[PDB]
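Below you will find one chain, with nothing else, as C-alpha cells; this is the form deposited in one PDB entry, and questions on how it binds or moves follow later.
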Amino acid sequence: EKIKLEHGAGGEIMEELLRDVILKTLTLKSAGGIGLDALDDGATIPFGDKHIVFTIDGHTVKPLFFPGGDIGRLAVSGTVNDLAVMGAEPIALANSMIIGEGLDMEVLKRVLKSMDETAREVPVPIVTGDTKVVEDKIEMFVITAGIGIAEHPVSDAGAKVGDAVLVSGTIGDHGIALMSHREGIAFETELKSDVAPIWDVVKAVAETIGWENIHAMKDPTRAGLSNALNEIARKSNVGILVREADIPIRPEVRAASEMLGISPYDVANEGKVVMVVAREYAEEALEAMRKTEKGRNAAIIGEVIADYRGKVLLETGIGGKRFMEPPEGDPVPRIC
C-alpha cells in the first residue's frame, strides 16, 4: 500500500487516511479543548477565561507565483483563515521554509515580502520560524502555524436545524484561476485567485450578532465548497439544503470551469468562509459581511434541515433537488 496524490487532495480519500491511520496511531490528541479527534480547522486550549487556538498548514502550491497571489500570501492567509473559522483573533504566526538548493535569492525575498504585506493586512506578526535547504528539486514549501485567542470557539460541528448557511463571496476563484493560468485561459485580464486573510469578515459578523449565534464555520480550502458543506453536515448530523442559483460564482470562473471541465464547487478557495448562523440573525450576518470589502459578495445560500442528515442537497429550477456529492479529492493538483 502506497501514499497517493489523492491522500493529499483534501476530500474523502484524505479523510479516510486521517481516521484510519492518523487518529488510530496517535494517542495524546487533546490539550483540554477541541482536539485532533474533532478534525476541525484547529485545536483549542483553555487559558484563563478564554481559549488559545492552534493550527498549522503546509503549503506546496505550484507555481509559487500565480495571478492574485503566491505561496507567501497563501501561507499567511490560510493559517489566519483557519484561526478565524475557529472564532480566534490571530496573535502570532510561525514560518517554516524548506527551500530547494539553487532557488534564486530574489524569489525568497519576493515570498517574504508578500508574507509581510499579507500579515500587515490582518495585522499579525511572524514571531518565529525555521529555514531548511534540501538538494531535492522542490523550489519551496512554506509551512505556517498560528496562535489565536477565542472568547467563544466555533466548531464545524455545531450547525442546528433551521440555521441559515452563508458564504462570504464567490466560489471557485482560487482553483479555477490556478488551472486557467496553467492552461493559458484568460479574458480581458487573467482570472485572479481570491487568496486573502478574512478574519475581518468573521469578526464583523461576530460584532453584529454575537459569537453564540455563529453556530459553525469552515474555510472551504481543498476540495472546495462541496467538501466544506458535507463536513459541516456530517459532523453536525444535520442536512443542508442549498439553493444552487444563490451560490455566487464569478462569470469568468463559470466560463473557465466549463472550458476546464472542472466543478467550481469542488476546488479550493483561499479567501472565503462558510458560516452557519442562527435563523433569526441570518440577515444581520449577511449585511455585516457585505459591508466589508472581502465579504462584499456574500450570500445566504441555504438552510440546515432535520432530514437527509449528513448530506447536502442542491435545489434547482422551481424546487427540484439533487445531492451535492463530497469529492474524493480536489481535482486540481498542487492547488495549495
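Numbers follow the displayed sequence, beginning with 1. Just so we're on the same page, rigid core means the largest C-alpha set that superposes within 1.5 Å between forms.
Omitted here: the form deposited in another entry. The next part is about that form.
So which residue among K50, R290, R309, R279 shifts its CA at least 2 Å between the shown form and the other one once the core is superposed? The answer here is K50.
Classify the change in Cα distance between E280 and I318 in the other form as closer or farther, relative to the shown form (magnitude of 3 Å or more). Relative to the displayed form, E280 and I318 move farther apart in the other form - a change of at least 3 Å between their C-alphas.
Relative to what's shown here, the Cα pair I318 and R254 differs by 3 Å or more in the other form. Does it come closer or drift farther? Between the C-alphas of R254 and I318, the gap narrows in the other form (3 Å or more compared with this form).
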